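Engineer: My structure file final.pdb, PDB, C-alpha atoms, is below:
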ATOM      1  CA  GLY P 206      12.445   7.592   0.133  1.00  0.00           C
ATOM      2  CA  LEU P 207      12.281   3.883  -0.697  1.00  0.00           C
ATOM      3  CA  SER P 208      11.643   2.075  -3.974  1.00  0.00           C
ATOM      4  CA  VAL P 209       8.649  -0.223  -4.399  1.00  0.00           C
ATOM      5  CA  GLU P 210      10.921  -3.208  -5.042  1.00  0.00           C
ATOM      6  CA  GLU P 211      12.644  -2.641  -1.691  1.00  0.00           C
ATOM      7  CA  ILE P 212       9.240  -2.526  -0.011  1.00  0.00           C
ATOM      8  CA  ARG P 213       8.291  -5.805  -1.683  1.00  0.00           C
ATOM      9  CA  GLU P 214      11.587  -7.228  -0.423  1.00  0.00           C
ATOM     10  CA  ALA P 215      10.940  -6.127   3.173  1.00  0.00           C
ATOM     11  CA  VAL P 216       7.574  -7.913   3.412  1.00  0.00           C
ATOM     12  CA  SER P 217       8.635 -10.874   1.266  1.00  0.00           C
ATOM     13  CA  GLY P 218       5.777  -9.938  -1.027  1.00  0.00           C
ATOM     14  CA  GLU P 219       4.878 -10.536  -4.654  1.00  0.00           C
ATOM     15  CA  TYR P 220       3.339  -8.322  -7.332  1.00  0.00           C
ATOM     16  CA  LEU P 221      -0.340  -8.800  -8.144  1.00  0.00           C
ATOM     17  CA  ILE P 222       0.136  -5.692 -10.278  1.00  0.00           C
ATOM     18  CA  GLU P 223       3.637  -4.857 -11.422  1.00  0.00           C
ATOM     19  CA  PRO P 224       4.939  -1.277 -11.561  1.00  0.00           C
ATOM     20  CA  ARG P 225       5.483   0.115 -15.068  1.00  0.00           C
ATOM     21  CA  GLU P 226       8.127   2.544 -13.821  1.00  0.00           C
ATOM     22  CA  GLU P 227      10.156   3.172 -10.670  1.00  0.00           C
ATOM     23  CA  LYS P 228       8.489   5.406  -8.076  1.00  0.00           C
ATOM     24  CA  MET P 229       9.709   6.314  -4.613  1.00  0.00           C
ATOM     25  CA  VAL P 230       7.661   5.741  -1.473  1.00  0.00           C
ATOM     26  CA  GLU P 231       8.298   8.233   1.327  1.00  0.00           C
ATOM     27  CA  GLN P 232       5.655   7.219   3.882  1.00  0.00           C
ATOM     28  CA  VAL P 233       3.626   4.157   4.815  1.00  0.00           C
ATOM     29  CA  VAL P 234       0.046   4.386   6.059  1.00  0.00           C
ATOM     30  CA  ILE P 235      -1.498   1.524   8.011  1.00  0.00           C
ATOM     31  CA  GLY P 236      -5.180   1.166   7.147  1.00  0.00           C
ATOM     32  CA  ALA P 237      -5.945  -1.779   9.402  1.00  0.00           C
ATOM     33  CA  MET P 238      -9.132  -0.473  11.013  1.00  0.00           C
ATOM     34  CA  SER P 239     -11.474   2.404  10.114  1.00  0.00           C
ATOM     35  CA  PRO P 240     -11.349   3.282   6.383  1.00  0.00           C
ATOM     36  CA  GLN P 241     -12.209   6.922   7.103  1.00  0.00           C
ATOM     37  CA  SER P 242      -9.292   6.956   9.530  1.00  0.00           C
ATOM     38  CA  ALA P 243      -6.891   5.445   6.965  1.00  0.00           C
ATOM     39  CA  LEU P 244      -7.982   7.992   4.363  1.00  0.00           C
ATOM     40  CA  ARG P 245      -7.428  10.858   6.798  1.00  0.00           C
ATOM     41  CA  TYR P 246      -3.879   9.608   7.404  1.00  0.00           C
ATOM     42  CA  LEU P 247      -3.274   9.247   3.646  1.00  0.00           C
ATOM     43  CA  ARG P 248      -4.292  12.869   3.104  1.00  0.00           C
ATOM     44  CA  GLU P 249      -1.364  14.046   5.225  1.00  0.00           C
ATOM     45  CA  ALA P 250       1.103  11.705   3.497  1.00  0.00           C
ATOM     46  CA  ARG P 251       3.089  12.337   0.327  1.00  0.00           C
ATOM     47  CA  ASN P 252       4.155   9.546  -2.066  1.00  0.00           C
ATOM     48  CA  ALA P 253       2.587   7.089   0.346  1.00  0.00           C
ATOM     49  CA  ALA P 254       2.050   3.342   0.409  1.00  0.00           C
ATOM     50  CA  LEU P 255      -1.113   1.918   1.976  1.00  0.00           C
ATOM     51  CA  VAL P 256      -0.932  -1.281   4.040  1.00  0.00           C
ATOM     52  CA  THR P 257      -4.262  -3.069   4.581  1.00  0.00           C
ATOM     53  CA  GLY P 258      -6.263  -6.243   4.063  1.00  0.00           C
ATOM     54  CA  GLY P 259      -6.708  -7.307   0.463  1.00  0.00           C
ATOM     55  CA  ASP P 260     -10.360  -7.785   1.372  1.00  0.00           C
ATOM     56  CA  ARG P 261     -10.909  -4.058   2.117  1.00  0.00           C
ATOM     57  CA  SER P 262     -12.484  -3.340  -1.299  1.00  0.00           C
ATOM     58  CA  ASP P 263     -14.140   0.064  -0.733  1.00  0.00           C
ATOM     59  CA  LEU P 264     -11.075   1.454   1.008  1.00  0.00           C
ATOM     60  CA  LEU P 265      -8.736   0.219  -1.734  1.00  0.00           C
ATOM     61  CA  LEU P 266     -10.908   1.615  -4.546  1.00  0.00           C
ATOM     62  CA  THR P 267     -11.070   5.043  -2.871  1.00  0.00           C
ATOM     63  CA  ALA P 268      -7.349   4.952  -2.118  1.00  0.00           C
ATOM     64  CA  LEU P 269      -6.682   4.241  -5.791  1.00  0.00           C
ATOM     65  CA  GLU P 270      -8.257   7.598  -6.672  1.00  0.00           C
ATOM     66  CA  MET P 271      -5.879   9.704  -4.509  1.00  0.00           C
ATOM     67  CA  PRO P 272      -3.002  11.527  -6.257  1.00  0.00           C
ATOM     68  CA  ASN P 273      -0.530  10.677  -3.486  1.00  0.00           C
ATOM     69  CA  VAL P 274      -1.003   6.887  -3.311  1.00  0.00           C
ATOM     70  CA  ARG P 275       1.972   5.190  -4.972  1.00  0.00           C
ATOM     71  CA  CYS P 276       1.623   1.614  -3.772  1.00  0.00           C
ATOM     72  CA  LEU P 277      -0.690  -0.929  -2.164  1.00  0.00           C
ATOM     73  CA  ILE P 278       0.592  -3.555   0.265  1.00  0.00           C
ATOM     74  CA  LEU P 279      -2.055  -6.240   0.844  1.00  0.00           C
ATOM     75  CA  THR P 280      -1.762  -8.476   3.919  1.00  0.00           C
ATOM     76  CA  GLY P 281      -2.915 -11.960   4.927  1.00  0.00           C
ATOM     77  CA  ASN P 282      -2.508 -13.293   1.386  1.00  0.00           C
ATOM     78  CA  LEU P 283      -5.975 -11.852   0.771  1.00  0.00           C
ATOM     79  CA  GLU P 284      -6.404 -11.467  -2.996  1.00  0.00           C
ATOM     80  CA  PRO P 285      -8.544  -8.360  -3.750  1.00  0.00           C
ATOM     81  CA  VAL P 286     -11.536  -8.289  -6.065  1.00  0.00           C
ATOM     82  CA  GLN P 287     -11.095  -7.794  -9.807  1.00  0.00           C
ATOM     83  CA  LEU P 288     -12.272  -4.159  -9.641  1.00  0.00           C
ATOM     84  CA  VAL P 289      -9.277  -3.265  -7.444  1.00  0.00           C
ATOM     85  CA  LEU P 290      -6.777  -5.062  -9.691  1.00  0.00           C
ATOM     86  CA  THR P 291      -8.261  -3.401 -12.760  1.00  0.00           C
ATOM     87  CA  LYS P 292      -8.172   0.083 -11.221  1.00  0.00           C
ATOM     88  CA  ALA P 293      -4.594  -0.392  -9.964  1.00  0.00           C
ATOM     89  CA  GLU P 294      -3.540  -1.566 -13.429  1.00  0.00           C
ATOM     90  CA  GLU P 295      -5.233   1.446 -15.034  1.00  0.00           C
ATOM     91  CA  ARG P 296      -3.697   3.876 -12.551  1.00  0.00           C
ATOM     92  CA  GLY P 297      -0.291   2.242 -12.848  1.00  0.00           C
ATOM     93  CA  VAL P 298      -0.140   1.721  -9.075  1.00  0.00           C
ATOM     94  CA  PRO P 299       1.807  -1.386  -8.047  1.00  0.00           C
ATOM     95  CA  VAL P 300       0.043  -3.891  -5.807  1.00  0.00           C
ATOM     96  CA  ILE P 301       2.076  -6.050  -3.444  1.00  0.00           C
ATOM     97  CA  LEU P 302       0.608  -9.121  -1.746  1.00  0.00           C
ATOM     98  CA  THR P 303       2.278 -10.339   1.440  1.00  0.00           C
ATOM     99  CA  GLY P 304       1.521 -13.423   3.492  1.00  0.00           C
ATOM    100  CA  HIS P 305       2.407 -11.425   6.606  1.00  0.00           C
ATOM    101  CA  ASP P 306      -0.366 -10.182   8.875  1.00  0.00           C
ATOM    102  CA  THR P 307      -0.771  -6.425   9.384  1.00  0.00           C
ATOM    103  CA  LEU P 308       1.257  -6.501  12.606  1.00  0.00           C
ATOM    104  CA  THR P 309       4.201  -8.422  11.153  1.00  0.00           C
ATOM    105  CA  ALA P 310       4.139  -6.400   7.939  1.00  0.00           C
ATOM    106  CA  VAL P 311       4.475  -3.256  10.043  1.00  0.00           C
ATOM    107  CA  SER P 312       7.352  -4.684  12.088  1.00  0.00           C
ATOM    108  CA  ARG P 313       9.264  -5.499   8.913  1.00  0.00           C
ATOM    109  CA  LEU P 314       8.531  -2.098   7.386  1.00  0.00           C
ATOM    110  CA  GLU P 315       9.600  -0.241  10.529  1.00  0.00           C
ATOM    111  CA  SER P 316      12.917  -2.057  10.242  1.00  0.00           C
ATOM    112  CA  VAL P 317      13.184   0.120   7.133  1.00  0.00           C
ATOM    113  CA  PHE P 318      12.238   3.501   8.683  1.00  0.00           C
ATOM    114  CA  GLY P 319       9.757   4.033  11.531  1.00  0.00           C
ATOM    115  CA  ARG P 320       9.209   7.791  11.481  1.00  0.00           C
ATOM    116  CA  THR P 321       7.700   7.197   8.031  1.00  0.00           C
ATOM    117  CA  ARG P 322       5.155   4.790   9.497  1.00  0.00           C
ATOM    118  CA  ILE P 323       2.040   6.770  10.375  1.00  0.00           C
ATOM    119  CA  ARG P 324      -1.604   5.821  10.741  1.00  0.00           C
ATOM    120  CA  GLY P 325      -2.535   2.960  13.057  1.00  0.00           C
TER
END
Just give me the structure of the file as structure tokens.
Structural biologist:
Amino acid sequence: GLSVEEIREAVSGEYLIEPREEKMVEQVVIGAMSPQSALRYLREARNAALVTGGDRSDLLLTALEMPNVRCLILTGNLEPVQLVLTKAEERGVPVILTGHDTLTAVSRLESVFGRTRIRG
């Protein structure tokens, strides 16, 4: 398992929503395309992080309701809508923004596991 801070480090990201406590991330789900597909992958993942575009509002809001989502990694420097930030703050789920594109973010993250990179 990896800490959120280490994940932020790997993608040279920044916190839009800071964690209030330290929580481990065991798997990373790539939700680049179909939201229904990303959610199906998240269902099979424990203590997972979701990597997707900060513009994917509906997907992010649904993801923020799952019990197993521990972290959001937003790509393309796309700042999400207020609703997402508010829900993440309420849920206490850290939100990391990275300038990297989905592909590059994945490359960097794989360099920190690989078998723990599902979805896509």
Engineer: Decode the PyMOL selection byres ((chain P and resi 307-316) around 12) for the given file into explicit residues and return them as a compact mmCIF listing (two decimals) with C-alpha atoms, in the coordinates of the input.
Structural biologist:
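result_2.txt, written as the output of this step:
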# COMPACT_ATOMS: atom_id res chain seq x y z
CA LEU P 207 12.28 3.88 -0.70
CA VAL P 209 8.65 -0.22 -4.40
CA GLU P 211 12.64 -2.64 -1.69
CA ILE P 212 9.24 -2.53 -0.01
CA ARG P 213 8.29 -5.80 -1.68
CA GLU P 214 11.59 -7.23 -0.42
CA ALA P 215 10.94 -6.13 3.17
CA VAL P 216 7.57 -7.91 3.41
CA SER P 217 8.64 -10.87 1.27
CA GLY P 218 5.78 -9.94 -1.03
CA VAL P 230 7.66 5.74 -1.47
CA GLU P 231 8.30 8.23 1.33
CA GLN P 232 5.66 7.22 3.88
CA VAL P 233 3.63 4.16 4.82
CA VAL P 234 0.05 4.39 6.06
CA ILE P 235 -1.50 1.52 8.01
CA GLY P 236 -5.18 1.17 7.15
CA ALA P 237 -5.94 -1.78 9.40
CA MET P 238 -9.13 -0.47 11.01
CA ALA P 254 2.05 3.34 0.41
CA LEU P 255 -1.11 1.92 1.98
CA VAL P 256 -0.93 -1.28 4.04
CA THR P 257 -4.26 -3.07 4.58
CA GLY P 258 -6.26 -6.24 4.06
CA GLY P 259 -6.71 -7.31 0.46
CA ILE P 278 0.59 -3.56 0.26
CA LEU P 279 -2.06 -6.24 0.84
CA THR P 280 -1.76 -8.48 3.92
CA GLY P 281 -2.92 -11.96 4.93
CA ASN P 282 -2.51 -13.29 1.39
CA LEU P 283 -5.98 -11.85 0.77
CA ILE P 301 2.08 -6.05 -3.44
CA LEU P 302 0.61 -9.12 -1.75
CA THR P 303 2.28 -10.34 1.44
CA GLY P 304 1.52 -13.42 3.49
CA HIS P 305 2.41 -11.42 6.61
CA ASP P 306 -0.37 -10.18 8.88
CA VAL P 317 13.18 0.12 7.13
CA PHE P 318 12.24 3.50 8.68
CA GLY P 319 9.76 4.03 11.53
CA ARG P 320 9.21 7.79 11.48
CA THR P 321 7.70 7.20 8.03
CA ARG P 322 5.16 4.79 9.50
CA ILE P 323 2.04 6.77 10.38
CA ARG P 324 -1.60 5.82 10.74
CA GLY P 325 -2.54 2.96 13.06
Engineer: Using all atoms listed in the file for the distances, tell me which of P:241, P:262, P:252, P:267 is nearest to residue P:284.
Structural biologist: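 Ranking P:241, P:262, P:252, P:267 by distance to residue P:284, first place goes to P:262.
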Engineer: Identify which of the residues P:225, P:251, P:292, P:245 lies closest to residue P:266, counting only C-alpha atoms when measuring atom-to-atom distances.
Structural biologist: P:292
Engineer: Can you measure atom CA of residue P:263 to atom CA of residue P:220 for me? One decimal in Å is fine.
Structural biologist: 20.5 Å
Engineer: Convert the output of the PyMOL selection byres ((chain P and resi 274) around 6) on the shown file into explicit residues, formatted as number ranges by chain.
Structural biologist: P: 252-254, 271-273, 275-276
Engineer: Do you have the atom CA of residue P:291-atom CA of residue P:269 distance handy?
Structural biologist: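 Separation between atom CA of residue P:291 and atom CA of residue P:269: 10.5 Å.
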Engineer: How many Å lie between atom CA of residue P:250 and atom CA of residue P:226, rounded to one decimal?
Structural biologist: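 Value for the atom CA of residue P:250-atom CA of residue P:226 distance: 20.8 Å.
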Engineer: Would you give the centre and edge lengths, in Å to one decimal, of a box along x, y and z around the listed atoms of stretch 249-263 of chain P, with 3 Å added to each side, as AutoDock Vina command-line options?
Structural biologist:
--center_x -5.0 --center_y 3.1 --center_z 1.6 --size_x 24.3 --size_y 27.8 --size_z 13.3
Engineer: Find, counting all atoms listed in the file, the residue in P:206, P:246, P:239, P:293 that gets nearest to residue P:265.
Structural biologist: P:293
